[PDB]
C-alpha cells in the first residue's frame, strides 16, 4: 500500500484497499465513506460492477436516501469509477477545487464554472442538483475541460494537463461504457 492518499496526496489516517496499492482518506474516496470499514474493503476502482463485494457506508446507502431519484445502482458505480479515476490522476489537481474568486479574468470569461468538487457532490442523491443520468455526469466533465481550454493559454501547464487528462477520461469512458455513445 502507498503512503499518501490517492486523491489529495497527503498523509494522515488512510484506509487501504484490499486489492490495489491505493490508500484513501475516508472523505477523499468516491463515494465518501462515513466510517472506517470493519472488514474486507475494496475501493471503487477495484470493486466489481456485476457482483458487488461490499456495499459502502456512504450517504447514498442510507435508508432514507436510496429511495430518492438518481442514478441507477449500475450507473452510480460506473460514474463513481469515472470520477474517482479523474481524481486519482496526477494531472487532476488544478480541477479538484473551484478557481480562486480572486481570479478576475477567469470569472469574467468562464460563465459556467465546473470542478471535481461539484461533480462529487452531484453524485450524491441529497444534492439539490443531483445527477439522474450518466449523460449529465459526462456533460459536466466535458464542460470542465472546455472551460480549461477556453481560459488557459494553449501552451500553459494547466492547458496541457486539461487536454491530456481529457484524453485519459475519454479512454476510460469507452472502457466503462463500451456500448453507449455520449455524442
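Numbering follows the first chain given and starts at 1.
1-9 and 172-180 differ in mean CA B-factor, and the higher of the two is recorded for 1-9. The mean Cα B-factor in the deposited entry runs higher for 62-70 than for the other of 62-70 and 130-138. By the numbers in the PDB entry, the CA B factor is greatest at 35 among 44, 27, 152, 35. The deposited CA B-factor of residue 166 belongs to the lowest third of values across its chain. Among the modelled residues of its chain, residue 103 has a C-alpha B-factor that falls in the middle third according to the deposited record. Residue 89: CA B factor lies in the middle third for its chain, per the PDB record. Annotation for residue 147: C-alpha temperature factor in the lowest third relative to the rest of the modelled chain, per the entry.
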